Amino acid sequence: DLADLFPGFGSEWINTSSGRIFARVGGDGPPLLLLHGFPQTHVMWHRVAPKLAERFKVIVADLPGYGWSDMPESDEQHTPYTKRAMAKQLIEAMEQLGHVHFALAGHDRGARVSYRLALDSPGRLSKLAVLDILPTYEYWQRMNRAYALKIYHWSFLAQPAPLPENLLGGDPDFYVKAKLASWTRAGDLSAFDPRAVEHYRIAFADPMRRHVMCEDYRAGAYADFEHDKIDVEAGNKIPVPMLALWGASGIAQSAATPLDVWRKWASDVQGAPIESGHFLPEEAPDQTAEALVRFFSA
Amino acid sequence: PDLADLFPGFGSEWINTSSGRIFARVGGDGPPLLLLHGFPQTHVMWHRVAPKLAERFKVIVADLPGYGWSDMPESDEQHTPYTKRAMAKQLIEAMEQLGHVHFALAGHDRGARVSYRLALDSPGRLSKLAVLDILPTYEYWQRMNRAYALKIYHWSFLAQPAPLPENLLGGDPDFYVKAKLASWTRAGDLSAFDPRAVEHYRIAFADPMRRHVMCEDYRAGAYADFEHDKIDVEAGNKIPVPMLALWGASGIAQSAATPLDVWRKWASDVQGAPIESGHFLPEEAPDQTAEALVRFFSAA
């Protein structure tokens with residue numbers, strides 16, 4: 001009993017070498033891949049994807065390991081849940097749809113896949129939008145007392161298995177609801193469609209899914225950081241035109257001024273705050289959809 | 001579920017204070033020496049060194065306020081009872097109930113945070129101070145980087161507002177306490193611990209009220225404790241009590257440290273010695289820890 005939050009969108013299970021990507025597909029026009037983050041699934045886009053779908057071929061994918069996407073078995077370097085590996089798998093997924101050049105909008109973890117995709121394979125991207133993130137490198141580099149308290153989960157979920165898994169397994173409902181609520185402007189679940197929450201909660205109820213998220217965060221503490229580190233110390237900037245959007249009360253703005261930071265990572269970045277917490281497309285759907293439509297359109 | 005008396009010869013004292021009772025095992029005679037445990041332990045963590053100290057001292061092995069069998073004072077929005085300043089004042093009162101207004105103090109982990117805060121707040125209470133495998137709380141936070149945030153993640157995790165840490169710790173409390181114990185040893189397993197000691201730790205950690213107190217401790221450690229430490233750094237206040245800083249070669253002090261170098265910024269007279277041990281010096285390396293403590297404290 002999970003609601004269909006994308007009425008009239010198709011359903012694709014896209015085979016890749018690293019497992020199937022699930023995706024809702026709707027609209028027509030240039031291809032726009034939408035990527036969710038933690039602790040969500042592709043359904044987080046349900047309030048903005050229909051507006052995008054009047055303009056673009058919208059592909060709302062579950063991340064590798066998330067939602068209904070297959071979970072590749074991780075390893076000691078958390079390789080398939082590195083953003084590099086996730087980006088490559090999603091590139092593969094898009095190629096299976098005939099999409100070798102596409103627009104990309106990512107939120108949270110999916111935004112981390114997105115900018116890593118833009119660094120690793122910029123030729124795959126027409127335009128990039130990242131929602132309420134700074135590069136992983138920048139979070140760790142700004143990880144002082146205040147910020148370590150603010151995003152403790154970056155260090156907690158990165159603890160070696162099975163420590164976060166075992167703590168999360170006692171009452172997974174509480175944690176997924178806690179993280180959803182804590183990062184919203186309001187600080188509760190009012191911003192979210194209850195049917196969306198059920199998708200997130202059900203995905204989080206699966207211990208393998210939770211393990212994937214921890215592996216995602218372990219990758220985020222280790223390989224992802226190291227990959228970002230190489231690029232920023234090499235002066236490798238994202239050449240793809242990109243939009244950095246962030247919630248005024250979101251997470252990105254807690255570490256630093258997001259546009260300043262992204263200008264260090266991207267030679268063609270525009271930015272705009274939106275009055276929202278972290279979950280821009282659900283807390284601020286119209287404003288997010290308008291900002292994305294405007295930026296991806298000509 | 002029966003435990004184990006790991007201090008044969010020692011008495012058992014519930015010390016009344018204005019914030020609740022402090023449990024302590026008391027043995028030996030001579031100059032008073034208070035032994036303070038840390039997280040996630042109880043007084044019984046001293047069971048392998050306290051006999052050797054009891055050869056020369058009246059050894060008071062106390063459960064920290066809110067820990068073990070000590071009473072748990074009601075907390076507040078500022079976690080005041082579990083700030084190290086309030087814990088030190090409560091232990092000062094405990095010690096006063098025994099006639100000890102001037103004592104030696106060895107602290108480990110949280111108890112060492114109590115102990116150096118006690119030395120900053122009430123240095124006249126202490127003849128000599130020994131802290132085991134800590135740097136000041138201010139230092140941990142000021143050194144907070146990616147590497148530190150990952151290694152001492154629990155400093156930020158347990159400091160999250162209630163009931164997030166409590167609800168998660170509830171998910172598998174037995175695992176968590178054992179993982180903390182094992183992950184901070186040199187061996188990486190429970191093999192350094194007396195299983196009777198581990199059972200003490202597991203049973204205390206099994207109580208949600210006890211786990212709450214521990215989070216209250218770390219919440220203080222992220223806020224009030226850090227602020228209190230900050231006032232001293234910025235005022236140049238140094239610990240004047242003769243200090244010994246022991247740390248494990250593989251412990252939670254050496255990482256971003258040379259702990260003696262850090263501690264010299266905090267104390268005018270501090271000696272230091274690495275101990276071949278992880279974080280749990282009195283259990284991983286009892287003879288070495290006891291010898292260093294005995295050598296440092298033997299005078300008075």
# chains A, B, ... in the order shown; residues from 1 in each chain; ligands from 1
call {"tool": "residues_around", "arguments": {"residues": "residue 257 (chain A)", "least_positions_apart": "2", "cutoff": "12 Å", "atoms": "only C-alpha atoms", "output": "PyMOL selection string"}}
result
chain A and resi 132-134+138+142+244-248+250-255+259-264+271-273
call {"tool": "residues_around", "arguments": {"residues": "residue 74 (chain B)", "least_positions_apart": "6", "cutoff": "12 Å", "atoms": "only C-alpha atoms", "output": "MDAnalysis selection string"}}
result
chainID B and resid 19:20 65:66 80:82 209:210 212:213 216
call {"tool": "write_last_selection", "arguments": {"atoms": "N, CA and C atoms", "output": "compact mmCIF listing (two decimals), in the first residue's frame"}}
result
# COMPACT_ATOMS: atom_id res chain seq x y z
N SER B 19 22.93 16.89 45.86
CA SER B 19 22.36 16.52 44.57
C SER B 19 22.09 15.04 44.46
N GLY B 20 22.34 14.28 45.52
CA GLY B 20 22.09 12.86 45.53
C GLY B 20 23.29 12.09 46.04
N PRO B 65 28.37 11.10 39.53
CA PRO B 65 26.96 11.48 39.55
C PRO B 65 26.23 10.99 38.31
N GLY B 66 25.07 10.37 38.50
CA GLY B 66 24.30 9.81 37.41
C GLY B 66 24.83 8.51 36.86
N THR B 80 22.86 20.98 33.58
CA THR B 80 23.70 21.48 34.67
C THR B 80 24.25 20.38 35.57
N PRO B 81 23.45 19.45 36.09
CA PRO B 81 24.01 18.45 37.02
C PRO B 81 25.13 17.63 36.43
N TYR B 82 25.20 17.51 35.10
CA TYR B 82 26.17 16.64 34.46
C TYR B 82 27.25 17.42 33.75
N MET B 209 17.42 5.25 32.04
CA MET B 209 17.74 6.42 32.84
C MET B 209 19.24 6.64 32.93
N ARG B 210 20.02 5.55 33.01
CA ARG B 210 21.47 5.70 33.04
C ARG B 210 21.99 6.19 31.69
N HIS B 212 20.36 7.96 29.64
CA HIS B 212 19.97 9.36 29.52
C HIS B 212 21.00 10.27 30.17
N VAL B 213 21.41 9.91 31.39
CA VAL B 213 22.43 10.66 32.12
C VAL B 213 23.70 10.77 31.29
N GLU B 216 23.22 13.22 28.83
CA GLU B 216 23.27 14.51 29.51
C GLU B 216 24.70 14.93 29.76
call {"tool": "interface_residues", "arguments": {"of": "chain A", "to": "chain B", "cutoff": "10 Å", "atoms": "only C-alpha atoms", "output": "PDB file with C-alpha atoms, in the first residue's frame"}}
result
ATOM      1  CA  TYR A 137      34.785  18.002   0.922  1.00  0.00           C
ATOM      2  CA  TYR A 139      31.297  19.819   4.841  1.00  0.00           C
ATOM      3  CA  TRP A 140      34.228  17.869   6.267  1.00  0.00           C
ATOM      4  CA  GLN A 141      36.529  20.860   5.899  1.00  0.00           C
ATOM      5  CA  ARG A 142      34.068  23.010   7.876  1.00  0.00           C
ATOM      6  CA  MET A 143      33.441  20.277  10.466  1.00  0.00           C
ATOM      7  CA  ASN A 144      34.022  22.285  13.621  1.00  0.00           C
ATOM      8  CA  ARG A 145      32.133  21.940  16.908  1.00  0.00           C
ATOM      9  CA  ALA A 146      28.983  23.742  15.763  1.00  0.00           C
ATOM     10  CA  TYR A 147      28.782  21.872  12.487  1.00  0.00           C
ATOM     11  CA  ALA A 148      29.741  18.483  13.935  1.00  0.00           C
ATOM     12  CA  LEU A 149      26.764  18.931  16.249  1.00  0.00           C
ATOM     13  CA  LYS A 150      24.564  20.139  13.378  1.00  0.00           C
ATOM     14  CA  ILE A 151      25.339  17.225  11.045  1.00  0.00           C
ATOM     15  CA  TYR A 152      26.377  14.625  13.598  1.00  0.00           C
ATOM     16  CA  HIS A 153      24.813  12.037  11.287  1.00  0.00           C
ATOM     17  CA  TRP A 154      27.673  12.552   8.848  1.00  0.00           C
ATOM     18  CA  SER A 155      30.014  11.103  11.473  1.00  0.00           C
ATOM     19  CA  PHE A 156      27.491   8.785  13.119  1.00  0.00           C
ATOM     20  CA  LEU A 157      26.265   6.997   9.993  1.00  0.00           C
ATOM     21  CA  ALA A 158      29.886   6.725   8.848  1.00  0.00           C
ATOM     22  CA  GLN A 159      30.835   4.646  11.872  1.00  0.00           C
ATOM     23  CA  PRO A 160      31.943   1.123  10.913  1.00  0.00           C
ATOM     24  CA  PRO A 162      27.187  -2.597  12.182  1.00  0.00           C
ATOM     25  CA  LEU A 163      27.174   0.191  14.773  1.00  0.00           C
ATOM     26  CA  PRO A 164      24.756   2.652  13.117  1.00  0.00           C
ATOM     27  CA  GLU A 165      22.814  -0.258  11.606  1.00  0.00           C
ATOM     28  CA  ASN A 166      22.314  -1.803  15.040  1.00  0.00           C
ATOM     29  CA  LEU A 167      21.183   1.449  16.641  1.00  0.00           C
ATOM     30  CA  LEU A 168      18.925   2.284  13.692  1.00  0.00           C
ATOM     31  CA  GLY A 169      17.386  -1.189  13.783  1.00  0.00           C
ATOM     32  CA  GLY A 170      15.628  -0.738  17.113  1.00  0.00           C
ATOM     33  CA  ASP A 171      13.169   1.921  15.952  1.00  0.00           C
ATOM     34  CA  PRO A 172      13.837   2.851  12.309  1.00  0.00           C
ATOM     35  CA  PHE A 174      11.716   7.158  14.714  1.00  0.00           C
ATOM     36  CA  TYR A 175      14.979   7.997  12.985  1.00  0.00           C
ATOM     37  CA  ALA A 178      13.405  12.446  13.043  1.00  0.00           C
ATOM     38  CA  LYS A 179      15.698  13.272  10.124  1.00  0.00           C
ATOM     39  CA  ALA A 221      33.330  10.208   5.002  1.00  0.00           C
ATOM     40  CA  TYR A 222      36.042   8.418   3.053  1.00  0.00           C
ATOM     41  CA  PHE A 225      35.863  13.089   0.550  1.00  0.00           C
TER      42      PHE A 225
END
call {"tool": "select_by_dssp", "arguments": {"residues": "region 98-204 of chain B", "states": "alpha helix (DSSP H)", "output": "ChimeraX atom specification"}}
result
/B:110-121,137-142,146-151,153-157,164-171,173-183,195-204
call {"tool": "residues_around", "arguments": {"residues": "residue 130 (chain A)", "least_positions_apart": "3", "cutoff": "9 Å", "atoms": "only C-alpha atoms", "output": "ChimeraX atom specification"}}
result
/A:104-108,110-112,114-115,133-134,242-246
call {"tool": "residues_around", "arguments": {"residues": "residue 83 (chain A)", "least_positions_apart": "3", "cutoff": "12 Å", "atoms": "only C-alpha atoms", "output": "PyMOL selection string"}}
result
chain A and resi 35+37+63-65+78-80+86-91+106+108-120+135-136+215-228
call {"tool": "select_by_dssp", "arguments": {"residues": "region 117-169 of chain B", "states": "strand (DSSP E or B)", "output": "count of residues only"}}
result
7
call {"tool": "closest_residue", "arguments": {"among": "B:72, B:29, B:91, B:245", "to": "residue 58 (chain B)", "atoms": "only C-alpha atoms"}}
result
B:29
call {"tool": "atom_distance", "arguments": {"atom1": "CA of residue 269 (chain B)", "atom2": "CA of residue 124 (chain B)"}}
result
14.8 Å
call {"tool": "residues_around", "arguments": {"residues": "residue 124 (chain A)", "least_positions_apart": "2", "cutoff": "6 Å", "atoms": "only C-alpha atoms", "output": "list in words"}}
result
residues 100, 101, 121 and 122 of chain A
call {"tool": "write_last_selection", "arguments": {"atoms": "N, CA and C atoms", "output": "PDB file, in the first residue's frame"}}
result
ATOM      1  N   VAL A 100      22.551  10.314 -23.403  1.00  0.00           N
ATOM      2  CA  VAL A 100      23.984  10.472 -23.183  1.00  0.00           C
ATOM      3  C   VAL A 100      24.340  11.908 -22.860  1.00  0.00           C
ATOM      4  N   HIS A 101      23.388  12.827 -22.984  1.00  0.00           N
ATOM      5  CA  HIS A 101      23.542  14.221 -22.602  1.00  0.00           C
ATOM      6  C   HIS A 101      22.213  14.622 -21.989  1.00  0.00           C
ATOM      7  N   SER A 121      32.379  13.244 -15.430  1.00  0.00           N
ATOM      8  CA  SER A 121      31.878  13.075 -16.794  1.00  0.00           C
ATOM      9  C   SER A 121      31.085  14.312 -17.194  1.00  0.00           C
ATOM     10  N   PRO A 122      31.727  15.484 -17.209  1.00  0.00           N
ATOM     11  CA  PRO A 122      30.971  16.715 -17.495  1.00  0.00           C
ATOM     12  C   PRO A 122      30.287  16.694 -18.852  1.00  0.00           C
TER      13      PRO A 122
END
call {"tool": "residues_around", "arguments": {"residues": "residue 5 (chain B)", "least_positions_apart": "3", "cutoff": "9 Å", "atoms": "only C-alpha atoms", "output": "ChimeraX atom specification"}}
result
/B:8,44,196
call {"tool": "write_last_selection", "arguments": {"atoms": "N, CA and C atoms", "output": "tab-separated table (two decimals), in the first residue's frame"}}
result
chain	number	residue	atom	x	y	z
B	8	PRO	N	37.74	-6.75	46.57
B	8	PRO	CA	37.79	-7.46	47.85
B	8	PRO	C	38.60	-6.68	48.88
B	44	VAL	N	33.95	0.32	38.83
B	44	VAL	CA	34.62	-0.97	38.81
B	44	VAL	C	35.74	-1.04	37.78
B	196	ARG	N	33.55	-9.90	34.43
B	196	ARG	CA	32.73	-9.41	35.52
B	196	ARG	C	32.62	-7.89	35.48
